[PDB]
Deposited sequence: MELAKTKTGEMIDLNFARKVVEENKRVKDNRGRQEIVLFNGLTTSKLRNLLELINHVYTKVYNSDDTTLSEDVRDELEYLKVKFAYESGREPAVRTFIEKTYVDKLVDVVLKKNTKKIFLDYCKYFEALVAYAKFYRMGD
């Protein structure tokens, strides 16, 4: 899995890698994932707000910016939006969960 390699490359982990700073991104991913789990244009709006919030967290914290840069998470959100299928969004959420799980595992 690509998540493990990038996570262990970030391992020295960063503050963005830590669950503390990553908490807000996890909560937003949880919101969109719960919407799809219950299930869309609203999903597209949530993904756009997710990219905006990625920029938000990058501005508020350099470590989260480094995490986003290394994991290509915003680019993967763009790829999911281009594909626009539930399956690819579920795969992206699984990739994000794998990132978080590997970060917890190495810490």
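- Gaps without C-alpha coordinates occur at 1-14, 27-37, 65-69, 138-140, with positions taken along the deposited sequence from 1.
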